[PDB]
Amino acid sequence: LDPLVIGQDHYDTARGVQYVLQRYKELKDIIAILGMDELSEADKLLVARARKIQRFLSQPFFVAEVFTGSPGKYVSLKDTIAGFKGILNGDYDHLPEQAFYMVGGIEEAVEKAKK
Amino acid sequence: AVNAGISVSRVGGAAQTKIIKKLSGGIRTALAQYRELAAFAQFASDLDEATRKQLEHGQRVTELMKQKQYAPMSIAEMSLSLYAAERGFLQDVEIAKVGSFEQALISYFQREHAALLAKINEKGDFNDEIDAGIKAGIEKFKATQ
Amino acid sequence: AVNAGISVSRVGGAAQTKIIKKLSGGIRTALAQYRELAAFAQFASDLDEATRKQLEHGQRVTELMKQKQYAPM
Amino acid sequence: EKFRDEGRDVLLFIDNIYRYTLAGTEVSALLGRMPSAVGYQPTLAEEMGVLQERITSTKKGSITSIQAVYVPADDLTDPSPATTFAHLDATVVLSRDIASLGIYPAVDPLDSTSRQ
Amino acid sequence: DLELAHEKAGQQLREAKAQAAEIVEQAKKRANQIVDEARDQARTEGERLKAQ
Amino acid sequence: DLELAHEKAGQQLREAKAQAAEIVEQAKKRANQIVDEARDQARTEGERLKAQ
Amino acid sequence: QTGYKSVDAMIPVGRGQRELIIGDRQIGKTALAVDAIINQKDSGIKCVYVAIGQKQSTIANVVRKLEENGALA
Amino acid sequence: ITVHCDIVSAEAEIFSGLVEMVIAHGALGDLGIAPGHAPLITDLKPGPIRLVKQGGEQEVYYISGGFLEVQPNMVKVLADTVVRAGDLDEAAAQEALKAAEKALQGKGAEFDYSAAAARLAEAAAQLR
Amino acid sequence: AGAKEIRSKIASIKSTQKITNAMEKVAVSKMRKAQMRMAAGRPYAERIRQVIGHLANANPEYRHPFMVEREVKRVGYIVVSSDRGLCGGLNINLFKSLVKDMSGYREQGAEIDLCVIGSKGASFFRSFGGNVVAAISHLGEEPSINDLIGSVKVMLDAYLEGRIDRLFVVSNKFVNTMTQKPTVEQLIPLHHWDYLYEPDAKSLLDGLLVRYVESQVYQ
Ligand SMILES: Nc1ncnc2c1ncn2[C@@H]1O[C@H](COP(=O)(O)OP(=O)(O)OP(=O)(O)O)[C@@H](O)[C@H]1O
Ligand SMILES: [Mg+2]
């Protein structure tokens, strides 16, 4: 995970994902006692993206098909960077967070949101 | 007291009998939807149609899963309870009567469909003839008992 | 710095004179009521009259428990 | 045990079962045995079993026991309370609040429990 | 209108009283089944205690 | 009169359902006692035989 | 087959599997395992029950329940 | 002889009780109301209303305007908390128009309101 | 990790729990103070409605623009919201009901004007782009009717000028201490003896109706 090995685009995307997840982790106790409504408008936007990022990191495996019947998915690095970059930039702010759970690629999240 | 959220079997899916294997797929997901919505029962009268139906089904499957000690059920008896819940025959039954409905339905099939229970108990097989035989019996039960 | 909430004597009233045994019953109760109402003290103007009457008494009994060193009564 | 064998039902009161556990820890330390988790004697469960297994109902008569229990640091998971609870059939909880209402005996109907 | 109302009212009340009797007969079939199963259960239980 | 006829038809079915429930519960109580009668009789004879 | 709707439907057990029963004290762990043994009486599977560190009165009650249900043989 | 009288504002009751005479400033001229008076409605100009009763022969209350309503067995003064006039009335409306902060000229046809409402409504359910 | 830091967390949360338990009793006390202020406003509005009903029936020759409906495509809303937070879904459920009813007009091709009371409503329209025409905020826990005169007048003038076809007020109804119901309520489109009507009966009506709408908004 070095700019000289993976290139600036992949490096900045991975750094952006870790920044959002770290900031969401710090809000855990505030959210448990008072809920999301007492957070600033900037924190509310970040929490919504953090919840989508956590779900988009999930993936149905081919060896795990026996446990759930759900078909396995293989995702290229190109499709991985494109999906997380789009979520960080807000291209999917209108999709519900359950649309990103157990979907192979960002296109499958767009199709799942139509159900 | 079985905590479905964390309980799991790594090799039992390949061992389960055909009838219980086909009817149990919807039971696991219905309890997950219940655990996520169970605290809302005090205000659920004012929610969307989809969330209301998911919660109402989760409550019925949760009530159906209760069982007394020293009272084991055969493949055919468990199959009736699972079929009634998976195929939606409990939607018009109140939570307080799901247990009464189950004991009445099993008692009814034991006198009116004894040959079908004997067939299911051999090896827990599930063909179109058995599926048709079960729905015909449950529909006659709902319409007359 | 005696914490009357957790401090206790198993002998109790058997080790007290008639006057101290009679007068201490209300003071033990007053300190107990104050420990429960202490968080509400910063909002006393919004409380019920009966609750405020108990809080005001609890504060005075709590203040009365203070005493200087080398000055036994 | 003598009164039980006369064909009777007997009550055995143990002032504090926690002190029985501690006396075993003290004796085990004097004898130089290697201490267990939380510093209790390695024989903690066996010493409790040797005492508690004699208190039973037999074909001639029975011995029933009422034992006061102390919980160290209010921790119900501590080895002494945890080893003791494996042997109890009922729990009677006395309440300071119920005694203030002038109700006697001051037993809590919601905190008290029984396996029967 | 008054005659038609009485005909429809009377006819539906026949259906309700016929249905009420049919419901009670099915309850009597159930009641006979649960005491038959208990009488046969009791017969096997007494056989178990005598063998024991 | 049509509203009153519907109320009478509704009462008839609810009263039949309440009667059916009582019939089933009374049969359950008789069934439970039938097994207890047999158990007490079998235990009594077992004690008589072993004492002899 | 354990004979329980919840276990046989969601947590199936196969011949030769090791399935852990886990939880706090007094919540049906013994009940679930003894009922699984009772359900095997007509299945052809032979059973072994090992009681480790249990009270003698508890072991005697489990044996009484095995014969009352016809599973002891 | 007496008639029941109440002086009431949009916020609370100013007076309520039995009186023998009520004197007030109507928009066309002053009036004296007594028990059994015919039904009357009028607009009141800013000034003091005088009530008369045994012992309470000079109970005076200042009113900022409003309406007077009379019946043969009841009297009602539908009072005002502050003087209502165009020069005072218009300044508040201009302030309300001036206080309307604007940073973006939104179309009002946004769908986002529903997404954010659903996001927060579900979060408020996890809180209990 | 360490037993020292865990004790500090327990103490921090216990200190917080003591003050949230105190604030619950403070909220109840303020709720009782508000319930008596609701009851004190009822005897005025019910009498104005009784007078309006009689006068409008006794004088059929005149029908104030508020008492007749114009079937055209433009509507107005007065939105009531809190200034402070710590509310268990009060504003969220209200805005959800507002958006639900507003969409019916947006889809029917009708234009919408908004009046806003409270900082939470202002923040919602400022962030989502609502076209607010009049606004007020930072009112006390015991508000005065003179503060509402401006915001209500702007909304009434727009109806009198024919710019607004219907006007509604959006706020929560006190069903019981455990239940607050969000509602949208219409405003503008509202014994055989006569009064003496000292000034013109038509003039009285033109004045009484304005006091009635303001009393409904204040309540
Ligand atoms: N399905 C059930 N329906 C009703 N009661 C039940 C059920 N299963 C267990 N119980 C009751 O739960 C209580 C405790 O059960 P059990 O003794 O099996 O728990 P345990 O966890 O194994 O206890 P222990 O830790 O002492 O061994 C008993 O009263 C038992 O009869
Ligand atoms: Mg056990």
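Following Swiss-Prot, chain G residues are numbered 148-220, in order.
Looking at the header, which is where the method is noted, we find electron microscopy, 2.8 Å.
The backbone N, Cα and C atoms fix where each Cβ goes, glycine too.
The ATP binding site annotation in Swiss-Prot covers G:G170, G:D171, G:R172, G:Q173, G:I174, G:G175, G:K176, G:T177 and is backed by sequence analysis.
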Just to verify: the residue among G:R172, G:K176 with the fewest other Cβ atoms within 10 Å, which of the binding-site residues is it? G:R172
Listed binding-site residues: G:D171, G:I174, G:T177. Which have a CB under 6 angstroms from an atom of ligand 2? G:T177
Taking G:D171, G:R172, G:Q173, G:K176 as the binding-site residues, those within reach of chain D by Cβ under 8 Å are G:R172, G:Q173
Neighbouring CB atoms within 10 angstroms of the CB of G:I174 (ATP binding site), all protein chains considered, total 10
All-chain count of other Cβ atoms within 10 Å of G:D171 (ATP binding site): 7
Name, in order along the sequence, the binding-site residues among G:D171, G:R172, G:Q173, G:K176, G:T177 with a Cβ closer than 8 Å to any chain B Cβ. none
